[PDB]
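Everything on this sheet refers to the single structure shown next.
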Amino acid sequence: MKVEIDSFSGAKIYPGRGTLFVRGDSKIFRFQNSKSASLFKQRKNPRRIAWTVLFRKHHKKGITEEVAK
Amino acid sequence: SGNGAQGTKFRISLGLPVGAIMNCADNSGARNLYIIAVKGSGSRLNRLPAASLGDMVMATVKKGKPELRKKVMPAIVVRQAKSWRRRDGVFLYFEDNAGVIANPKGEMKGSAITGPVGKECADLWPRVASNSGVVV
Amino acid sequence: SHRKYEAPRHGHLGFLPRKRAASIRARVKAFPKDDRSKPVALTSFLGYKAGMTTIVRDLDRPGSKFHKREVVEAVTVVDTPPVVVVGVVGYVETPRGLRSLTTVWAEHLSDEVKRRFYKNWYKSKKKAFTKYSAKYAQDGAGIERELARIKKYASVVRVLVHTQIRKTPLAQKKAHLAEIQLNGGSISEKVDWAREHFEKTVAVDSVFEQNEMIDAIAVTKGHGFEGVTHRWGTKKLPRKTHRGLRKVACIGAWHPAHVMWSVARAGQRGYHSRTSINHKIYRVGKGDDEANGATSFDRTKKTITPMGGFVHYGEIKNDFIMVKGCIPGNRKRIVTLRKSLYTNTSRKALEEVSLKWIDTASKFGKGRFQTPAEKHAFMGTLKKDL
Amino acid sequence: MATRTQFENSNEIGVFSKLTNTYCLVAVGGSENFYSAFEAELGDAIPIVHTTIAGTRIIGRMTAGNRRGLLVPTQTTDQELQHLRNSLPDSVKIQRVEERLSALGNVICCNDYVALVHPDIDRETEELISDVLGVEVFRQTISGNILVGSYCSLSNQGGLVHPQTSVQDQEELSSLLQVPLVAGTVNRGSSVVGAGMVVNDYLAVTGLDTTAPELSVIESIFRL
RNA sequence: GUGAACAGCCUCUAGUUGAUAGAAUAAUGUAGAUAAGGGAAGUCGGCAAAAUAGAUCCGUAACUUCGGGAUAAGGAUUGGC
RNA sequence: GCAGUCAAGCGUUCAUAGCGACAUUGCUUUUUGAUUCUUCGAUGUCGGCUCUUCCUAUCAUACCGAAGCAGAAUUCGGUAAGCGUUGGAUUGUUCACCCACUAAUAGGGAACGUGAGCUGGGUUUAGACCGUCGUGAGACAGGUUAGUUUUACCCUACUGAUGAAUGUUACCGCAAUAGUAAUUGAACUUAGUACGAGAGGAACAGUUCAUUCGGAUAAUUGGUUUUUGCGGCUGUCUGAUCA
């Protein structure tokens, strides 16, 4: 059992949890829940939903000591 | 299953009843396939015999290069676009339906396959995996 | 005229009537066959269902596709307080069936057992087991004569037990008394084993074991009065039908001139007694066993309690049985765990495989975190605390 | 030599097996009869390895490599990666490849000296294949087919191509590959030659349905 | 007031607050609804529901009694400062 | 419609492997007839959808016997209905003919089962059109289009529920009786073995799955979402903001 990362939010997915979708480009996509899965279907840029991980990474949101080596 | 389908397949969700239209996945010149029946079905009043990933069915070409029409010809399902559960614990699905032309012996009339192919189909049918492209 | 097209019958005939159970606890109709060669041990057992959880284990089945590959399965953890014996009872054989001719009770029964006999506890004087329990003041010939009788007669012996209702995190405040037959040897030895097990624990270290096939007796969750479509599975009538599309069109032919008992009719649904056979145990844990959810591979620190506890159930701090698959009966209800009546040989049982990972995520929503440590680690500091 | 063997009932031996000059892989679901032919002549010369790449038994199409490397797709489990590392000798170095283009066996048609890749290969993967395999790679497709690995069964002593390949196409590769290529069929008329059967420097295994003179051709071209 | 509008929707003047009530709110109903994948395979018959459906720009065939068909068919935009 | 007996002959050679002329004995009440007994102060008339049970002259599955049964396939028969007998184009269709799956798509009864279960497609009032007949009003199993189908608040039967009386009350059990459930197929091995100069070609045992049915639940995926729980947007009204 390895660690797989959500494709839209970035939260860790436990076995038996989440969904999985394959696009026409044959590139993989994993969603932790219908909240993240349906949000992807609406073609939402995930850099703009506040509670995702890519949003907080972009705006150094709560980075604290992670910005320091 | 069916004749020539060596090995066994674990049951998955049925999402292709009689009368479905499936995109042509292989370079046989066809554009779509119209499922008329499935192999190894059951017998229940008012139940459409449905298909699934890796299953082999016969489907006419309602829209394609001419002499592939007006006749029945078997095919193999390579995409389902319907959420099915694997044993490993994943609920996955594809973007759209897709099938490949294949005579009853199990080999393919076409040469190549465009788009992802479910490994539940590659494993069950060796010749499909022989001419398959992306594998999940 | 015939049925035109012939279809399989809707529903089952042997599970009728689909009426309410006579008691909230499904009685054990039969017990595993006895052999007078083995040490004394219990045959059935009592527990409370708490919910389900998800597992991962390495499947070991030669010849299958998923050999030496990980899978996931559902398991229903059942709460288990240690069961204490408060009495024994002998069953004799008659040309009309087994009959109980005597009973023996323990010395100091807990308030739970006394509470069972009273419909109104507060108004009562707690005067139960007062005249009878005084018989121990003498040398004991009052009770020792009865235990002599169960040795001579009563070739079948069933021991009376009850659970601890206060140890379980449930608020019924009243125990569940029940009879449990024994699979020991010699009726003389069976009662002898009973004498020195009054007012003491009987854990799950002897009744069941890891990777054992057991039955599950419980009571169906109730859904009240139901129609005929969802009760049986009858086809829904077409949309154009007048005055109802959720019923059975033709009850019966002109003759016979009465409704057949085999016709499906609206009635009571749920609250049945269903015995599900051949259930396999994966975990047998103890309350004092810290990090129950940890496995030889995880090496983590967490119990089996999910985030926020089991829905409509407590926190679980005592013994438990973690059985593969679903189970009859709903949450907060007594569940009877009983030893398999037949020795299973299918190459599906006897698969002594340990688990690999246990789901402890929240069961009150979309459980995203297994332990508070990893929850606080992933998000980090919040506005609360520092 | 040339051995006639059926996996269960299918004649696609190359699909279910990968044969190289120092190691060989077979499906675990096979029977003694399929296993007997492989161990009949190999003996203890090179190890026999039982694996399931990608959780499936099409390892021949899901895996491709030579003396200097082995290729496994991303989704394969590390437990099987560890198993192949322990079973196979240390002389071969296994590095995972990140690519959703296709199964590696279909994409990669390589040998000790030369390699053939899928039309949609990317430069980042191009360097990874060359360094891992220690093999110079060139761009070309068998008869224009994208599945170069499934329509070309190749070894250091020769090579098989698509049966209906034009004569001009066949000779063009032979100059670069430095080995002759002969158009032909396998398994009683099947045009899938790259996946129908496999060749190493001392053996070639085909299906039991191969006719009389294709097996003779296989012996001639591959110098058995 | 929004709005093409005596359309729908909310309000000012004016007038009612009236047509048995209380509690849980089982089936089966009457009236509204929503359904993963396929999709008329259902049925005598897509009957019922569904989709487009306002406005601006582009574009529009067979045929004809040359007046029409024709907002045919088919495409692109619509908020706020 | 179904089942026998005799038996000339067919069956290379041989009456009964399988068939079988000329005659002849019966069975069936799902054909159609004939009768007219019940009912014209009236028992709602075709078909389709839904559902239950029963019978077998067994279509498939279980176990066997016979062959002009070497294997495979087939054909004939015995105990047997326990279980399963489908999805569609045309037609209102009973019927029928095709497409396809399947182990198989066997026949039937129960007021030609089933309208206070449904539909009203057809035949069957009244409107109207065409053809033939009639001088005419009108007639035709003719062809076609449009044509309101009502009530259970009773008793029994069935499906679920309560309940007095056998000193009271409570707990734990026995058991008569009644019902009963499982079902079929595919892939590998056996095994290019047995069997035959050749095409072909299995089976018992074992493993992995699946078809139909049944009972239970809800971790997981999906659905519903008056927790209006949260966020967003439109029109209007609280002077504006907030709400």
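Labeling convention for the structure tokens: chains A, B, ... as they appear, residues from 1 per chain, ligands from 1 in order of appearance.
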
Should the cut-off be 9 Å, what would the residue list for chain C against chain B look like, counting only C-alpha atoms, as an mmCIF file with N, CA and C atoms, in the first residue's frame?
```cif
data_model
loop_
_atom_site.group_PDB
_atom_site.id
_atom_site.type_symbol
_atom_site.label_atom_id
_atom_site.label_comp_id
_atom_site.auth_asym_id
_atom_site.auth_seq_id
_atom_site.Cartn_x
_atom_site.Cartn_y
_atom_site.Cartn_z
ATOM 1 N N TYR C 5 -45.345 -16.342 -20.321
ATOM 2 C CA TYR C 5 -43.925 -16.451 -20.025
ATOM 3 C C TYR C 5 -43.743 -16.807 -18.556
ATOM 4 N N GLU C 6 -42.823 -17.728 -18.285
ATOM 5 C CA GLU C 6 -42.603 -18.248 -16.942
ATOM 6 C C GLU C 6 -41.368 -17.600 -16.333
ATOM 7 N N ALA C 7 -41.494 -17.147 -15.093
ATOM 8 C CA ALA C 7 -40.464 -16.405 -14.387
ATOM 9 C C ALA C 7 -40.215 -17.029 -13.025
ATOM 10 N N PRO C 8 -39.016 -16.852 -12.470
ATOM 11 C CA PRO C 8 -38.753 -17.354 -11.119
ATOM 12 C C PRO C 8 -39.603 -16.626 -10.090
ATOM 13 N N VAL C 56 -7.465 -3.903 4.671
ATOM 14 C CA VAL C 56 -6.644 -4.350 3.556
ATOM 15 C C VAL C 56 -5.844 -5.555 4.024
ATOM 16 N N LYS C 65 -6.417 -15.160 -9.607
ATOM 17 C CA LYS C 65 -5.686 -14.085 -10.267
ATOM 18 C C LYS C 65 -5.015 -13.154 -9.266
ATOM 19 N N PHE C 66 -5.642 -12.932 -8.111
ATOM 20 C CA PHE C 66 -5.172 -11.966 -7.125
ATOM 21 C C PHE C 66 -4.298 -12.606 -6.052
ATOM 22 N N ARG C 69 -1.638 -10.576 -3.748
ATOM 23 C CA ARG C 69 -1.964 -9.197 -4.074
ATOM 24 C C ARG C 69 -2.956 -8.660 -3.051
ATOM 25 N N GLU C 70 -2.893 -7.352 -2.824
ATOM 26 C CA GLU C 70 -3.711 -6.715 -1.803
ATOM 27 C C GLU C 70 -5.152 -6.553 -2.272
ATOM 28 N N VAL C 71 -6.080 -6.703 -1.329
ATOM 29 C CA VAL C 71 -7.503 -6.517 -1.558
ATOM 30 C C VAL C 71 -8.073 -5.694 -0.407
ATOM 31 N N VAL C 72 -9.361 -5.369 -0.506
ATOM 32 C CA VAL C 72 -10.083 -4.671 0.550
ATOM 33 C C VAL C 72 -11.354 -5.448 0.859
ATOM 34 N N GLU C 73 -11.791 -5.386 2.114
ATOM 35 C CA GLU C 73 -12.973 -6.104 2.561
ATOM 36 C C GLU C 73 -13.656 -5.322 3.672
#
```

Produce a table with one row for each residue of chain F that has an atom at most 10 Å from any atom of chain D, each row naming the nearest atom pair and its distance in Å at one decimal; use only C-alpha atoms (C1' of nucleotides); arrange rows by chain and rising residue number; format as CSV.
```
residue,atom,partner,partner_atom,distance
F:187,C1',D:8,CA,9.3
F:188,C1',D:8,CA,6.4
F:189,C1',D:31,CA,7.3
```

Worksheet item: Taking only C-alpha atoms (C1' of nucleotides) into account, what are the residues of chain F at most 8 Å from chain C, put as a VMD selection string?
Response: chain F and resid 49 to 52 85 108 to 114 117 to 119 157 to 160 170 to 175 179 to 181 207 to 208 213 to 217 219 to 220

What are the closest atom pairs, with distances in Å to one decimal, for all residues of chain A lying within 10 Å of chain F? Consider only C-alpha atoms (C1' of nucleotides), order rows by chain and residue number, and present the result as JSON lines.
```
{"residue": "A:15", "atom": "CA", "partner": "F:220", "partner_atom": "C1'", "distance": 9.2}
{"residue": "A:16", "atom": "CA", "partner": "F:220", "partner_atom": "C1'", "distance": 5.5}
{"residue": "A:17", "atom": "CA", "partner": "F:220", "partner_atom": "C1'", "distance": 6.4}
{"residue": "A:18", "atom": "CA", "partner": "F:221", "partner_atom": "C1'", "distance": 8.0}
{"residue": "A:19", "atom": "CA", "partner": "F:221", "partner_atom": "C1'", "distance": 7.5}
{"residue": "A:33", "atom": "CA", "partner": "F:221", "partner_atom": "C1'", "distance": 9.7}
{"residue": "A:34", "atom": "CA", "partner": "F:222", "partner_atom": "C1'", "distance": 9.8}
```

Worksheet entry | Which residue of E:73, E:35, E:47, E:5 approaches chain C most closely, using only C-alpha atoms (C1' of nucleotides) | E:47

Each residue of chain E lying at most 7 Å from chain B should get a row with its shortest atom-to-atom pair and the distance in Å to one decimal, counting only C-alpha atoms (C1' of nucleotides); could you produce that, ordered by chain and increasing number, as a tab-separated table?
```
residue	atom	partner	partner_atom	distance
E:37	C1'	B:15	CA	4.8
E:38	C1'	B:16	CA	5.6
E:41	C1'	B:19	CA	5.6
```

Fill in: Spatial neighbours of residue 87 of chain D, 10 Å, only C-alpha atoms (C1' of nucleotides), chain gap at least 2 places, as an MDAnalysis selection string
chainID D and resid 23 47:51 81:85 89:90

Residue selection dump (N, CA and C atoms) as a short mmCIF file (atom, residue, chain, number, x, y, z; two decimals), in the first residue's frame:
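Output contents, as saved in result_8.cif:
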```cif
data_model
loop_
_atom_site.label_atom_id
_atom_site.label_comp_id
_atom_site.auth_asym_id
_atom_site.auth_seq_id
_atom_site.Cartn_x
_atom_site.Cartn_y
_atom_site.Cartn_z
N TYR D 23 17.94 -13.75 -19.02
CA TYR D 23 16.82 -13.98 -18.13
C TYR D 23 15.56 -14.18 -18.96
N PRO D 47 18.02 -18.09 -15.12
CA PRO D 47 16.90 -18.35 -14.20
C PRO D 47 15.55 -18.24 -14.88
N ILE D 48 14.60 -19.02 -14.38
CA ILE D 48 13.19 -18.88 -14.71
C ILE D 48 12.54 -18.04 -13.63
N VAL D 49 11.73 -17.06 -14.03
CA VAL D 49 11.16 -16.08 -13.12
C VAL D 49 9.65 -16.04 -13.34
N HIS D 50 8.89 -16.12 -12.25
CA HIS D 50 7.44 -16.04 -12.31
C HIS D 50 6.98 -14.72 -11.72
N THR D 51 6.40 -13.86 -12.55
CA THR D 51 5.95 -12.54 -12.11
C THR D 51 4.59 -12.24 -12.72
N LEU D 81 8.32 -5.50 -7.75
CA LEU D 81 9.60 -4.91 -8.12
C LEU D 81 10.73 -5.47 -7.27
N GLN D 82 10.48 -5.62 -5.96
CA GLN D 82 11.47 -6.26 -5.10
C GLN D 82 11.66 -7.72 -5.46
N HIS D 83 10.56 -8.42 -5.79
CA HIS D 83 10.65 -9.83 -6.13
C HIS D 83 11.51 -10.05 -7.38
N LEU D 84 11.27 -9.25 -8.42
CA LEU D 84 12.09 -9.38 -9.63
C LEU D 84 13.53 -8.97 -9.37
N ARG D 85 13.76 -8.01 -8.47
CA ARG D 85 15.12 -7.63 -8.11
C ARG D 85 15.85 -8.79 -7.43
N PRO D 89 19.33 -11.76 -11.58
CA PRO D 89 20.69 -11.45 -11.15
C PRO D 89 20.96 -9.95 -11.17
N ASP D 90 21.98 -9.55 -10.40
CA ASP D 90 22.34 -8.14 -10.29
C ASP D 90 22.93 -7.58 -11.57
#
```

Discussion item. Applying 10 Å and only C-alpha atoms (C1' of nucleotides), which residues near residue 32 of chain A remain after dropping the ones on its own chain fewer than 3 positions away? List them as a ChimeraX atom specification.
Written reply: /A:4-14,17-20,35-37 /C:366,368

For the residues in that selection, give me N, CA, C and O atoms as a compact mmCIF listing (two decimals), in the first residue's frame.
```
# COMPACT_ATOMS: atom_id res chain seq x y z
N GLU A 4 -0.94 7.61 -2.55
CA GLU A 4 -1.42 8.29 -3.75
C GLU A 4 -2.04 9.63 -3.38
O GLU A 4 -2.70 9.75 -2.34
N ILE A 5 -1.81 10.63 -4.22
CA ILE A 5 -2.20 12.01 -3.94
C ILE A 5 -3.40 12.38 -4.81
O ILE A 5 -3.45 12.03 -6.00
N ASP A 6 -4.37 13.07 -4.21
CA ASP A 6 -5.52 13.56 -4.96
C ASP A 6 -5.08 14.46 -6.10
O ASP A 6 -4.19 15.30 -5.96
N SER A 7 -5.73 14.28 -7.26
CA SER A 7 -5.35 15.04 -8.45
C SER A 7 -5.85 16.48 -8.41
O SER A 7 -5.21 17.36 -9.01
N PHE A 8 -6.96 16.75 -7.74
CA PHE A 8 -7.53 18.10 -7.69
C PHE A 8 -7.16 18.85 -6.42
O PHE A 8 -6.71 20.00 -6.49
N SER A 9 -7.34 18.24 -5.25
CA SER A 9 -7.01 18.89 -3.99
C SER A 9 -5.57 18.63 -3.58
O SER A 9 -4.80 19.57 -3.35
N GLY A 10 -5.18 17.36 -3.49
CA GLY A 10 -3.86 16.98 -3.04
C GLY A 10 -3.81 16.22 -1.74
O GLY A 10 -2.71 15.89 -1.27
N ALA A 11 -4.96 15.93 -1.13
CA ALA A 11 -5.01 15.17 0.10
C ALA A 11 -4.74 13.69 -0.17
O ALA A 11 -4.95 13.18 -1.27
N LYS A 12 -4.27 12.99 0.86
CA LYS A 12 -3.86 11.61 0.72
C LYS A 12 -5.09 10.72 0.67
O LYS A 12 -6.08 10.97 1.36
N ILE A 13 -5.03 9.67 -0.15
CA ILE A 13 -6.15 8.77 -0.37
C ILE A 13 -5.83 7.42 0.25
O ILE A 13 -4.79 6.82 -0.06
N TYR A 14 -6.69 6.96 1.13
CA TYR A 14 -6.64 5.67 1.80
C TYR A 14 -7.31 4.60 0.94
O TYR A 14 -8.21 4.91 0.16
N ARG A 17 -11.11 4.20 -0.54
CA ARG A 17 -11.67 5.54 -0.53
C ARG A 17 -11.39 6.22 -1.87
O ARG A 17 -10.43 5.87 -2.57
N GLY A 18 -12.23 7.18 -2.22
CA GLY A 18 -12.02 7.98 -3.41
C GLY A 18 -12.52 7.32 -4.68
O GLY A 18 -13.13 6.25 -4.69
N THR A 19 -12.25 8.01 -5.79
CA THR A 19 -12.65 7.58 -7.12
C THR A 19 -11.44 7.62 -8.04
O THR A 19 -10.32 7.95 -7.63
N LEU A 20 -11.66 7.28 -9.31
CA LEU A 20 -10.58 7.24 -10.29
C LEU A 20 -11.21 7.46 -11.67
O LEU A 20 -12.21 6.83 -12.00
N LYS A 35 -16.96 15.63 -3.64
CA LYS A 35 -16.77 17.07 -3.55
C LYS A 35 -15.65 17.53 -4.48
O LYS A 35 -15.78 18.55 -5.17
N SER A 36 -14.55 16.78 -4.51
CA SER A 36 -13.44 17.11 -5.40
C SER A 36 -13.69 16.60 -6.81
O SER A 36 -13.28 17.24 -7.79
N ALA A 37 -14.34 15.44 -6.94
CA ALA A 37 -14.57 14.85 -8.26
C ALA A 37 -15.54 15.70 -9.07
O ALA A 37 -15.27 16.02 -10.24
N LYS C 366 -17.08 12.06 5.47
CA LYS C 366 -15.97 11.65 4.61
C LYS C 366 -14.70 11.62 5.46
O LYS C 366 -13.95 12.60 5.56
N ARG C 368 -11.26 11.50 6.45
CA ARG C 368 -10.03 11.80 5.73
C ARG C 368 -8.78 11.53 6.55
O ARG C 368 -7.68 11.52 5.98
```

Worksheet item: What's the 12 Å shell around residue 171 of chain C, counting only C-alpha atoms (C1' of nucleotides), without same-chain residues fewer than 5 positions away, as a PyMOL selection string?
Response: chain C and resi 164-166+312-314+332-333

Could you write out the selected residues, including C-alpha atoms, as a PDB file, in the first residue's frame?
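Wrote it out as part25.pdb, contents follow:
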```
ATOM      1  CA  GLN C 164     -21.926  -6.517  31.471  1.00  0.00           C
ATOM      2  CA  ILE C 165     -24.190  -3.666  30.390  1.00  0.00           C
ATOM      3  CA  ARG C 166     -22.103  -1.001  32.146  1.00  0.00           C
ATOM      4  CA  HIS C 312     -24.996   5.876  17.425  1.00  0.00           C
ATOM      5  CA  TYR C 313     -22.560   3.891  19.582  1.00  0.00           C
ATOM      6  CA  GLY C 314     -19.848   4.489  22.146  1.00  0.00           C
ATOM      7  CA  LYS C 332     -26.644  -1.195  19.418  1.00  0.00           C
ATOM      8  CA  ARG C 333     -28.357  -4.609  19.162  1.00  0.00           C
TER       9      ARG C 333
END
```
